[PDB]
Amino acid sequence: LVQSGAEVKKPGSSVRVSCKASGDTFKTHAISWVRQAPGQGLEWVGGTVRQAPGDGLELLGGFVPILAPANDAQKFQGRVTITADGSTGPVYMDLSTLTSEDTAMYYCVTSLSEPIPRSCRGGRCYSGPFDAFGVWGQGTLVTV
Amino acid sequence: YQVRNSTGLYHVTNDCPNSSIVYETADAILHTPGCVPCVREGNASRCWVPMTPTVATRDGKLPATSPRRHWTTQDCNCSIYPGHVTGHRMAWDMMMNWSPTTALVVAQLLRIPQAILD
Amino acid sequence: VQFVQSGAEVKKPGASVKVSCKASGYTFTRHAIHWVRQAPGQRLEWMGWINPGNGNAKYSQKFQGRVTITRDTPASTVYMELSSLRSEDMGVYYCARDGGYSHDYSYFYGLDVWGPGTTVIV
Amino acid sequence: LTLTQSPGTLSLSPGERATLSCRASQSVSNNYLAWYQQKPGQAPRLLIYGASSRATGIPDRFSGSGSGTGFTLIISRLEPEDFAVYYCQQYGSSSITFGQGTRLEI
Amino acid sequence: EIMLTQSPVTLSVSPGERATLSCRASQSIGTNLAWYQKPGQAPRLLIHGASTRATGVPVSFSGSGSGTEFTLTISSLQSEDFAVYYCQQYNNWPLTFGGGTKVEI
Amino acid sequence: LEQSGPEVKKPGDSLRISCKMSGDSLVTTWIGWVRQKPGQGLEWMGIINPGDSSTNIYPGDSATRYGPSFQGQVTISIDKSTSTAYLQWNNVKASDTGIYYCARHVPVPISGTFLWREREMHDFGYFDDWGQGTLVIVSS
Amino acid sequence: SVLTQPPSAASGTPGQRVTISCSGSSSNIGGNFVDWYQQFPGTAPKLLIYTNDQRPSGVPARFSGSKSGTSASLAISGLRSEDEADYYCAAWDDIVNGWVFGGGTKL
Amino acid sequence: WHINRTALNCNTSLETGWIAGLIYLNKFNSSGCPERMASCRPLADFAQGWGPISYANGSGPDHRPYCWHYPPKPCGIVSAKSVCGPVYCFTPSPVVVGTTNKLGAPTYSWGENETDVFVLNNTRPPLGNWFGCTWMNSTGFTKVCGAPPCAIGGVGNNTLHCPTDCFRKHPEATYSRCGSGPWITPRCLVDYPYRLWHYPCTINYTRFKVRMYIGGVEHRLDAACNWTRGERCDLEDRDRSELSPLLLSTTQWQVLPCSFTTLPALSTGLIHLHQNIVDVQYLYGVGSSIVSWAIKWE
Ligand SMILES: *[C@@H]1O[C@H](CO)[C@@H](O[C@@H]2O[C@H](CO)[C@@H](O[C@@H]3O[C@H](CO[C@H]4O[C@H](CO)[C@@H](O)[C@H](O)[C@@H]4O)[C@@H](O)[C@H](O[C@H]4O[C@H](CO)[C@@H](O)[C@H](O)[C@@H]4O)[C@@H]3O)[C@H](O)[C@H]2NC(C)=O)[C@H](O)[C@H]1NC(C)=O
Ligand SMILES: *[C@@H]1O[C@H](CO)[C@@H](O[C@@H]2O[C@H](CO)[C@@H](O[C@@H]3O[C@H](CO[C@H]4O[C@H](CO)[C@@H](O)[C@H](O)[C@@H]4O)[C@@H](O)[C@H](O[C@H]4O[C@H](CO)[C@@H](O)[C@H](O)[C@@H]4O)[C@@H]3O)[C@H](O)[C@H]2NC(C)=O)[C@H](O)[C@H]1NC(C)=O
Ligand SMILES: *[C@@H]1O[C@H](CO)[C@@H](O[C@@H]2O[C@H](CO)[C@@H](O[C@@H]3O[C@H](CO[C@H]4O[C@H](CO[C@H]5O[C@H](CO)[C@@H](O)[C@H](O)[C@@H]5O)[C@@H](O)[C@H](O)[C@@H]4O)[C@@H](O)[C@H](O)[C@@H]3O)[C@H](O)[C@H]2NC(C)=O)[C@H](O)[C@H]1NC(C)=O
Ligand SMILES: *[C@@H]1O[C@H](CO)[C@@H](O[C@@H]2O[C@H](CO)[C@@H](O[C@@H]3O[C@H](CO)[C@@H](O)[C@H](O)[C@@H]3O)[C@H](O)[C@H]2NC(C)=O)[C@H](O)[C@H]1NC(C)=O
Ligand SMILES: *[C@@H]1O[C@H](CO)[C@@H](O[C@@H]2O[C@H](CO)[C@@H](O[C@@H]3O[C@H](CO)[C@@H](O)[C@H](O)[C@@H]3O)[C@H](O)[C@H]2NC(C)=O)[C@H](O)[C@H]1NC(C)=O
Ligand SMILES: *[C@@H]1O[C@H](CO)[C@@H](O[C@@H]2O[C@H](CO)[C@@H](O[C@@H]3O[C@H](CO)[C@@H](O)[C@H](O)[C@@H]3O)[C@H](O)[C@H]2NC(C)=O)[C@H](O)[C@H]1NC(C)=O
Ligand SMILES: *[C@@H]1O[C@H](CO)[C@@H](O[C@@H]2O[C@H](CO)[C@@H](O[C@@H]3O[C@H](CO)[C@@H](O)[C@H](O)[C@@H]3O)[C@H](O)[C@H]2NC(C)=O)[C@H](O)[C@H]1NC(C)=O
Ligand SMILES: *[C@@H]1O[C@H](CO)[C@@H](O[C@@H]2O[C@H](CO)[C@@H](O)[C@H](O)[C@H]2NC(C)=O)[C@H](O)[C@H]1NC(C)=O
Ligand SMILES: *[C@@H]1O[C@H](CO)[C@@H](O[C@@H]2O[C@H](CO)[C@@H](O)[C@H](O)[C@H]2NC(C)=O)[C@H](O)[C@H]1NC(C)=O
Ligand SMILES: *[C@@H]1O[C@H](CO)[C@@H](O)[C@H](O)[C@H]1NC(C)=O
Ligand SMILES: *[C@@H]1O[C@H](CO)[C@@H](O)[C@H](O)[C@H]1NC(C)=O
Ligand SMILES: *[C@@H]1O[C@H](CO)[C@@H](O)[C@H](O)[C@H]1NC(C)=O
Ligand SMILES: *[C@@H]1O[C@H](CO)[C@@H](O)[C@H](O)[C@H]1NC(C)=O
Ligand SMILES: *[C@@H]1O[C@H](CO)[C@@H](O)[C@H](O)[C@H]1NC(C)=O
Ligand SMILES: *[C@@H]1O[C@H](CO)[C@@H](O)[C@H](O)[C@H]1NC(C)=O
């Protein structure tokens, strides 16, 4: 996985950190972001699901996203939006209204298996926990 | 398509049921098309051979011209399992062995000796 | 059991040709007569065949619109006509005997008796 | 299938009939058992294929038989040239397996 | 959320010896944890689920757990594989990690 | 067929033994390998299918079926342009020694109850024409 | 389809055996049967194999053999110079409802 | 058609991962079938029927309906609130049906709202609609809806209610009269994209291409059948398939394994089966002759 370069901000600023998948074949895997604190703690930031073209009930026409990420509402409490550019494009982590306490190295990781839903309602599915993180990127230091 | 009652388990057969039998006492069984008469001669279950789509005899020799006198049975499993039909063989029979005509009928009529002894 | 062809022909492109095989030494009521072409240096090519007596005949799709065959039963002869020559038709044309299907239906009899071959020049 | 070949490693005088047994763990499907002769220093030669069909070039001395789980190779009039290692094996539906083999001694 | 208490916080080099690291959850996590190694560099996966060695992971790494406390065992520490090792859980989420356990090796 | 000569290896590296399937073209010539460790009986290693998808033993897919101890440990293949069969190790072990025989395999047609699509398939056969056997030594 | 056989025989000296292979698909060479014929320049071809239970009268044992699946072959045991004929592979083709011949193999 | 016509109410109260087979294909569970199939009898183990065929309401068990003999419940309206997957209805071919109001035709709600139902009114197809339907409910259980099974009868107590073509127990019990749901023969069911989700034990159901003709309409079907190489296949083991078969090469029809169609061979009027090739029927008999009517001279 390849990420964006280093960034330096003042508090109240936003930072966009990209992650481009290293392969050409997409397999309905998920890419998550982990924050490396200077204090050596690791925080899950969040993550999303990148569905392969044939999943999501295309058989019925339309498309059902496997979407719910169980967002972190303990330390991030919103602020960070994680989306894919497209099925083949990069993943972006848009980190808004940041402070100096958010200085950390930011990096993406791909899980070892397809996320499996736990529930579906209406037009959306709710992902169960992502499986163990496997392929790690290197990361970019973002200071504020 | 005929069905044999057997052991209580019904199964597909080509063996003629008595309801399909019409007959001549001169060794010939006439029947509803779509089956072959089985004759257990005494015990041996021996299947008769078609001469025409509706007629069979003991040996296929084309014999010369009321209680039923044949001992038929739904036994034999007649022609259920023939050998493989080769694509070439099918074509060969359809082109060479197979044959309807009218000129032939006339040639035969014009050669009848009229020794109609029957 | 010999098949006898008569002559050879030379014709200009667009012209028709006709070959026939008289046959003797057998009854010619119990086998088929086949026609096979061979361009010089080329493969034996199947053209079609006829059922003696019945007159029933089949053709390769290649010659379906080009040839026809018949039989003069009392003359013991099979005839073949080619409606026109197109250069590619130059070669030797043979008739042959398609024997019975082994009689006991084992391995079949192929073409055991062939006529000499007639030459067709475009 | 643990074919067990156990005549016991027989010792015969030339001219005697060898009796080589082969015991299958399960039934041999149909007749897919076979026998080989390995002269020391040489690749084995096929003697019998199927329970009993003799291979080309093999003396009539070699006679295979058997069914079910009970198979044997009989060598009548055993000659000095036949005091080789014999093996039974099988070529059935799941895998190819071989016995241990035994030697004919004098 | 699920809290993971990591212990010992720091372990000595103890070169060539065996060592274990463990984490204790506030919740009854099934065998879905993972362990990571971070040797002054970006981290790598060691253990998939409570105990499966990840591809590329040497025989020295093994473990067991379930319930609330899981243990990572590293044997034969002849190679001084310095890292902060981490316990991560995948049961209820948002996903969490313990604070990491530093080993001097 | 004729096999290549003797070979000696140290653990690791790789080893290849070739067979020249001379005397006939590969119209339908199957080949496989049998191992004999010194003092031991015969071990079936595996066979290879020179033909197309119609004959892959019974499962109907793999052109290379192997005995239970050779399930990916050793490779068997045929070079159809050179009429050559090969047995190859990509890591030679000290235990992989003794005589390796290359032999023509004789498949037996499928029988019993089966489906149309597998009618041309074969079961495992026996070994008819054997090569001379090559010697492999692996040591430090 | 079209039966495929090599353009030339391996040839060699008398006393040698050669094999003339032939192959095709399940629509023609497979199933049915495959006739083999011998043809010398200047004459009509004659049968060798898959006729008369694969041994036609007048033909020596020199010319023999058959193969399974979609393969076929003619083995010629002893290359007597009198046998330097073109050989043909022929079969019934169930797509076109007619006979197919291969290219011809020159010995 | 629009995807919002498909109900999607999926609740994992148990057996986490069951839901995987809805979104992903080839994520079936496939486990515990040896136990579930323990109670699924062969047709041959049922009492022989006789007499005229009647009908009965198939008020069957609430266990998973994974066996061909399971009598389907009579149809009626099913609430969308209880439906996770798409609903498939079977005519000889699978049909995807969507949600509806009791009166309004579309309900583009994804099945999340109340009064959103599946109509599911059926009467055997020669007249219209379908033989029966299958769908996955909100907690992962497969449920069925279908036409009344045939009351075959018999002398004993182990009689059969036949939802399929039970030829060997009663000669008139054809699929066109007794069919209910996707089972054509006791060992073959109509395939569809979710077959291995709804009937997850139908692993190794070799697929066949067959054609069935009902009333005036041909249906090209994907048939999934239970067949193991070496399995006994005598005449007593062969079921009626009611097919109008596709051609293999020039001489053989494709039929389901150990089954036959009633169509006669062209030249003989007879049925000709092969002993070793299990799924074929010949269309050409070998014996032939000269018509005798042609020579009945006076
Ligand atoms: C036309 O086609 C029909 C099939 O549709 C053939 O009929 C079958 O013929 C066989 C052979 O005679 C019958 O099989 C025999 O059944 C006997 C009774 O069965 C009871 O006991 C067995 C015990 O295992 C139970 O499974 C079964 O349900 C019954 O309760 C058995 O006692 C026989 O066993 C003996 O012979 C066999 C070998 O055949 C040995 O292996 C056994 O060890 C033992 O010695 C045997 O199994 C079969 O039932 C018939 N089926 C039907 C439907 O009738 C016709 O023969 C065929 N006709 C022609 C002309 O081809
Ligand atoms: C294929 O072969 C099977 C045999 O293996 C045939 O099956 C038999 O068919 C007959 C005719 O229908 C059945 O006979 C009827 O049974 C009914 C059930 O009653 C049972 O219980 C009573 C006690 O309460 C017993 O007395 C009786 O014997 C049975 O065990 C009866 O109600 C019927 O009664 C009617 O007929 C009788 C005359 O027999 C009159 O006196 C009555 O008033 C009334 O009108 C009748 O007895 C027989 O039970 C079936 N046997 C089996 C084993 O199933 C198939 O018909 C045959 N089929 C083909 C080619 O399709
Ligand atoms: C569709 O088709 C597939 C096959 O392609 C079916 O999958 C197989 O299903 C069977 C039945 O459930 C499985 O068999 C079971 O395996 C259990 C564990 O496997 C291990 O033990 C087996 C048996 O060991 C003994 O016997 C051998 C042989 O003699 C000895 O060597 C041993 O020492 C033991 O004594 C081994 O064969 C196997 O390799 C494992 O070691 C076992 O506990 C059960 O008792 C039973 O044997 C089989 O394993 C499945 N195959 C695969 C590849 O997974 C599938 O079910 C079919 N689908 C449907 C719906 O039917
Ligand atoms: C089909 O119809 C034929 C008509 O010929 C039936 O044959 C006749 O069957 C009866 C009753 O079995 C025979 O009487 C018996 O004959 C046997 C010897 O064959 C004898 O052992 C008995 O004691 C008794 O006398 C009758 O002879 C027989 N007719 C002929 C010409 O043999 C046949 O049974 C019918 N099959 C069925 C029931 O479908
Ligand atoms: C696919 O088809 C096969 C073959 O028909 C099915 O196997 C059969 O499964 C049943 C159910 O368990 C077995 O019946 C039981 O046998 C025991 C005795 O061993 C008896 O005590 C029970 O009461 C019951 O009758 C049957 O023997 C078995 N057949 C064979 C040959 O093994 C299989 O279940 C089918 N698979 C699916 C998913 O439908
Ligand atoms: C999806 O299908 C399953 C399988 O049939 C449904 O499970 C069934 O749910 C009913 C209602 O809760 C259970 O009935 C109750 O049983 C207890 C037994 O102690 C009784 O005391 C209650 O009065 C009531 O009758 C039934 O047992 C249960 N069956 C099985 C096999 O689990 C499930 O409800 C369906 N999902 C939806 C949304 O409909
Ligand atoms: C086929 O046609 C109709 C329309 O789809 C369906 O019949 C309806 O069934 C529902 C129950 O699912 C009935 O609702 C209730 O009926 C009872 C009758 O006592 C009434 O007391 C309740 O207040 C409520 O209305 C509905 O009335 C009924 N409609 C009619 C006109 O029959 C049914 O789904 C299908 N028929 C079947 C079950 O095969
Ligand atoms: C075709 O199936 C039959 C069983 O229906 C096989 O079983 C018997 O095999 C023995 C072998 O010694 C023969 O003597 C019997 O005559 C066969 N039974 C019948 C009814 O013919 C038979 O082997 C199978 N053949 C093939 C080629 O698969
Ligand atoms: C398929 O479903 C079965 C349940 O029917 C799963 O088996 C369960 O596995 C979990 C694993 O944590 C156990 O806790 C349960 O007790 C098991 N239930 C029973 C009674 O079997 C099985 O794991 C599932 N397999 C797949 C492919 O996900
Ligand atoms: C059948 O009849 C024959 C001729 O009388 C007799 O020899 C035999 O014992 C009977 N039994 C058989 C073999 O069916
Ligand atoms: C069942 O559905 C209701 C209504 O949407 C929801 O509140 C409840 O959490 C669901 N149960 C499960 C196990 O998902
Ligand atoms: C079967 O169920 C339907 C439900 O609409 C009912 O009308 C019919 O009377 C029932 N039939 C029997 C025989 O119970
Ligand atoms: C399906 O429902 C969704 C709910 O968010 C809605 O946005 C969408 O417009 C609907 N699709 C249709 C019927 O066009
Ligand atoms: C549910 O459907 C009814 C029609 O029966 C409609 O009046 C109501 O507004 C709908 N509710 C929702 C939440 O869509
Ligand atoms: C049917 O009758 C038998 C006794 O003949 C009995 O054992 C069985 O339990 C009865 N029915 C069922 C299937 O319960």
# chains A, B, ... in the order shown; residues from 1 in each chain; ligands from 1
>>> interface_residues(of="chain F", to="chain G", cutoff="7 Å", atoms="only C-alpha atoms", output="number ranges by chain")
F: 24, 27, 120
>>> residues_near_ligand(ligand="ligand 5", cutoff="9 Å", atoms="only C-alpha atoms and all ligand atoms", output="PyMOL selection string")
chain H and resi 33-42+45+66-68+187+199-205+225-228+231-232
>>> residues_near_ligand(ligand="ligand 9", cutoff="7 Å", atoms="only C-alpha atoms and all ligand atoms", output="list in words")
residues 15, 17, 28, 29, 30, 31 and 32 of chain H
>>> write_last_selection(atoms="N, CA and C atoms", output="CSV table (one decimal), in the first residue's frame")
chain,number,residue,atom,x,y,z
H,15,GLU,N,-26.0,-18.1,14.6
H,15,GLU,CA,-25.3,-18.6,13.5
H,15,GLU,C,-24.7,-17.6,12.6
H,17,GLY,N,-22.8,-15.4,10.3
H,17,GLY,CA,-22.2,-15.7,9.0
H,17,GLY,C,-23.3,-16.2,8.0
H,28,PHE,N,-21.4,-20.0,1.2
H,28,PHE,CA,-22.4,-20.9,1.8
H,28,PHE,C,-21.7,-21.5,3.1
H,29,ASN,N,-22.5,-21.9,4.0
H,29,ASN,CA,-22.0,-22.6,5.3
H,29,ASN,C,-21.6,-24.0,5.0
H,30,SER,N,-22.5,-24.8,4.4
H,30,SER,CA,-22.3,-26.2,4.1
H,30,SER,C,-21.8,-27.1,5.2
H,31,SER,N,-22.5,-27.0,6.4
H,31,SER,CA,-22.1,-27.8,7.5
H,31,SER,C,-23.3,-28.3,8.4
H,32,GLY,N,-23.2,-29.5,8.8
H,32,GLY,CA,-24.2,-30.2,9.6
H,32,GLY,C,-25.3,-30.9,8.7
>>> closest_atom_pairs(of="chain H", to="ligand 13", cutoff="7 Å", atoms="only C-alpha atoms and all ligand atoms", output="CSV")
residue,atom,partner,partner_atom_place_in_ligand_line,distance
H:2,CA,ligand 13,13 (C),6.7
H:4,CA,ligand 13,1 (C),5.1
H:108,CA,ligand 13,13 (C),5.1
H:109,CA,ligand 13,2 (O),5.9
H:110,CA,ligand 13,2 (O),6.8
>>> write_last_selection(atoms="N, CA and C atoms", output="PDB file, in the first residue's frame")
ATOM      1  N   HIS H   2     -36.902  -2.783 -10.140  1.00  0.00           N
ATOM      2  CA  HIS H   2     -35.948  -1.959  -9.414  1.00  0.00           C
ATOM      3  C   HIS H   2     -35.550  -2.724  -8.174  1.00  0.00           C
ATOM      4  N   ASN H   4     -35.298  -1.822  -5.129  1.00  0.00           N
ATOM      5  CA  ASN H   4     -36.076  -1.489  -3.929  1.00  0.00           C
ATOM      6  C   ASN H   4     -37.349  -2.358  -3.791  1.00  0.00           C
ATOM      7  N   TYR H 108     -41.588   0.307  -3.488  1.00  0.00           N
ATOM      8  CA  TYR H 108     -40.141   0.509  -3.542  1.00  0.00           C
ATOM      9  C   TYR H 108     -39.618   0.981  -2.198  1.00  0.00           C
ATOM     10  N   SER H 109     -39.636   0.073  -1.240  1.00  0.00           N
ATOM     11  CA  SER H 109     -39.315   0.352   0.148  1.00  0.00           C
ATOM     12  C   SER H 109     -38.204  -0.506   0.708  1.00  0.00           C
ATOM     13  N   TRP H 110     -37.687  -1.440  -0.089  1.00  0.00           N
ATOM     14  CA  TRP H 110     -36.722  -2.443   0.354  1.00  0.00           C
ATOM     15  C   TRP H 110     -37.308  -3.396   1.394  1.00  0.00           C
TER      16      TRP H 110
END
>>> residues_around(residues="range 67-74 of chain C", least_positions_apart="3", cutoff="12 Å", atoms="only C-alpha atoms", output="ChimeraX atom specification")
/C:16-24,27-29,32-35,47-64,77-85,89,95
>>> residues_near_ligand(ligand="ligand 12", cutoff="10 Å", atoms="only C-alpha atoms and all ligand atoms", output="ChimeraX atom specification")
/H:55-59,73-77,121,147-148
>>> interface_residues(of="chain B", to="chain H", cutoff="10 Å", atoms="only C-alpha atoms", output="number ranges by chain")
B: 1-15, 33-36, 49-55, 77-91, 93-94, 97-102, 104-106, 108-109, 112, 116
>>> residues_near_ligand(ligand="ligand 15", cutoff="9 Å", atoms="only C-alpha atoms and all ligand atoms", output="list in words")
residues 156, 157 and 158 of chain H
>>> residues_near_ligand(ligand="ligand 4", cutoff="9 Å", atoms="only C-alpha atoms and all ligand atoms", output="PyMOL selection string")
chain B and resi 17-19+21+40-43+67-74
>>> write_last_selection(atoms="N, CA, C and O atoms", output="short mmCIF file (atom, residue, chain, number, x, y, z; two decimals), in the first residue's frame")
data_model
loop_
_atom_site.label_atom_id
_atom_site.label_comp_id
_atom_site.auth_asym_id
_atom_site.auth_seq_id
_atom_site.Cartn_x
_atom_site.Cartn_y
_atom_site.Cartn_z
N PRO B 17 -48.10 -55.00 -22.40
CA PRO B 17 -49.08 -55.44 -21.45
C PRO B 17 -50.15 -56.16 -22.25
O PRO B 17 -50.34 -55.80 -23.41
N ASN B 18 -51.00 -56.97 -21.61
CA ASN B 18 -52.02 -57.73 -22.39
C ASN B 18 -53.03 -56.76 -23.03
O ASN B 18 -53.55 -57.12 -24.11
N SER B 19 -53.31 -55.60 -22.43
CA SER B 19 -54.26 -54.62 -22.94
C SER B 19 -53.89 -54.07 -24.31
O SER B 19 -54.71 -53.43 -24.97
N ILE B 21 -52.57 -56.11 -26.71
CA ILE B 21 -52.45 -57.23 -27.62
C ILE B 21 -53.65 -57.66 -28.44
O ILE B 21 -54.76 -57.91 -27.96
N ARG B 40 -42.85 -65.84 -22.46
CA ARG B 40 -42.12 -66.83 -21.64
C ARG B 40 -42.47 -68.20 -22.22
O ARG B 40 -43.50 -68.72 -21.86
N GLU B 41 -41.71 -68.76 -23.16
CA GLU B 41 -42.18 -70.06 -23.72
C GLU B 41 -42.10 -71.12 -22.62
O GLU B 41 -40.96 -71.57 -22.38
N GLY B 42 -43.22 -71.52 -21.94
CA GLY B 42 -42.96 -72.42 -20.80
C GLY B 42 -42.23 -71.37 -19.99
O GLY B 42 -42.80 -70.27 -19.80
N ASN B 43 -41.17 -71.77 -19.29
CA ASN B 43 -40.54 -70.84 -18.30
C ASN B 43 -39.63 -69.82 -18.99
O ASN B 43 -39.70 -68.65 -18.60
N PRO B 67 -60.03 -66.93 -27.71
CA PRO B 67 -59.06 -66.88 -26.61
C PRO B 67 -57.64 -66.55 -27.11
O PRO B 67 -57.27 -67.01 -28.17
N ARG B 68 -56.89 -65.76 -26.33
CA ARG B 68 -55.50 -65.41 -26.71
C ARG B 68 -54.60 -66.63 -26.50
O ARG B 68 -54.74 -67.30 -25.46
N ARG B 69 -53.72 -66.92 -27.47
CA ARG B 69 -52.85 -68.11 -27.38
C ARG B 69 -51.38 -67.69 -27.54
O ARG B 69 -50.79 -68.01 -28.59
N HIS B 70 -50.81 -67.02 -26.53
CA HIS B 70 -49.42 -66.50 -26.68
C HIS B 70 -48.63 -66.47 -25.36
O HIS B 70 -47.41 -66.34 -25.46
N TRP B 71 -49.28 -66.57 -24.19
CA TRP B 71 -48.51 -66.43 -22.92
C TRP B 71 -47.60 -65.21 -22.93
O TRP B 71 -46.38 -65.39 -22.73
N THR B 72 -48.15 -64.02 -23.14
CA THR B 72 -47.30 -62.87 -23.01
C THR B 72 -47.16 -62.47 -21.57
O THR B 72 -47.93 -62.90 -20.71
N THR B 73 -46.17 -61.65 -21.32
CA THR B 73 -45.89 -61.17 -19.98
C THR B 73 -45.08 -59.90 -19.92
O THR B 73 -44.26 -59.62 -20.79
N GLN B 74 -45.24 -59.13 -18.86
CA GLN B 74 -44.33 -58.00 -18.73
C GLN B 74 -43.13 -58.45 -17.95
O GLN B 74 -43.07 -58.38 -16.72
#
>>> residues_near_ligand(ligand="ligand 6", cutoff="10 Å", atoms="only C-alpha atoms and all ligand atoms", output="ChimeraX atom specification")
/H:9-11,61-65,78-84,136-143
>>> closest_atom_pairs(of="chain H", to="ligand 14", cutoff="7 Å", atoms="only C-alpha atoms and all ligand atoms", output="Markdown table")
| residue | atom | partner | partner_atom_place_in_ligand_line | distance |
| --- | --- | --- | --- | --- |
| H:101 | CA | ligand 14 | 5 (O) | 6.9 |
| H:109 | CA | ligand 14 | 14 (O) | 6.8 |
| H:113 | CA | ligand 14 | 1 (C) | 5.1 |
| H:114 | CA | ligand 14 | 1 (C) | 5.5 |
| H:115 | CA | ligand 14 | 5 (O) | 5.5 |
>>> write_last_selection(atoms="C-alpha atoms", output="mmCIF file, in the first residue's frame")
data_model
loop_
_atom_site.group_PDB
_atom_site.id
_atom_site.type_symbol
_atom_site.label_atom_id
_atom_site.label_comp_id
_atom_site.auth_asym_id
_atom_site.auth_seq_id
_atom_site.Cartn_x
_atom_site.Cartn_y
_atom_site.Cartn_z
ATOM 1 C CA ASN H 101 -48.903 -3.854 -1.240
ATOM 2 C CA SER H 109 -39.315 0.352 0.148
ATOM 3 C CA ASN H 113 -42.100 -0.585 5.876
ATOM 4 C CA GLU H 114 -45.346 -2.300 7.083
ATOM 5 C CA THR H 115 -48.147 -3.582 4.754
#
>>> select_by_dssp(residues="chain A", states="helix (DSSP H, G or I)", output="CSV table (one decimal) with N, CA and C atoms, in the first residue's frame")
chain,number,residue,atom,x,y,z
A,58,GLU,N,-25.8,-7.3,-7.1
A,58,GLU,CA,-26.0,-6.8,-8.5
A,58,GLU,C,-27.0,-7.6,-9.3
A,59,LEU,N,-27.2,-8.8,-8.9
A,59,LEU,CA,-28.1,-9.8,-9.6
A,59,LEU,C,-29.5,-9.2,-9.6
A,60,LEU,N,-29.9,-8.4,-8.7
A,60,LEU,CA,-31.2,-7.8,-8.5
A,60,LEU,C,-31.3,-6.5,-9.1
A,100,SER,N,-3.2,19.8,18.0
A,100,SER,CA,-1.8,19.4,18.1
A,100,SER,C,-1.8,18.0,18.7
A,101,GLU,N,-2.8,17.6,19.4
A,101,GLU,CA,-2.9,16.3,20.1
A,101,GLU,C,-3.2,15.2,19.1
A,102,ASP,N,-3.4,15.6,17.8
A,102,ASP,CA,-3.6,14.6,16.8
A,102,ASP,C,-2.4,14.4,16.0
>>> residues_around(residues="residue 39 in chain E", least_positions_apart="6", cutoff="7 Å", atoms="only C-alpha atoms", output="ChimeraX atom specification")
/E:82-84
>>> select_by_dssp(residues="chain G", states="strand (DSSP E or B)", output="NGL selection string")
:G and (4 or 8 or 17-23 or 34-39 or 46-49 or 63-64 or 71-77 or 86-93 or 98-101 or 105-106)
>>> residues_near_ligand(ligand="ligand 11", cutoff="7 Å", atoms="only C-alpha atoms and all ligand atoms", output="VMD selection string")
(chain A and resid 119) or (chain H and resid 11 to 13)
>>> write_last_selection(atoms="C-alpha atoms", output="PDB file, in the first residue's frame")
ATOM      1  CA  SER A 119     -27.284  -7.291   9.620  1.00  0.00           C
TER       2      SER A 119
ATOM      3  CA  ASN H  11     -31.293 -10.223  11.611  1.00  0.00           C
ATOM      4  CA  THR H  12     -28.301 -12.262  13.052  1.00  0.00           C
ATOM      5  CA  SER H  13     -29.719 -13.570  16.237  1.00  0.00           C
TER       6      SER H  13
END
>>> closest_residue(among="E:73, E:28, E:41, E:22", to="chain A", atoms="only C-alpha atoms")
E:41
>>> atom_distance(atom1="CA of residue 19 in chain A", atom2="CA of residue 36 in chain A")
15.8 Å
>>> atom_distance(atom1="CA of residue 10 in chain E", atom2="CA of residue 100 in chain E")
9.1 Å
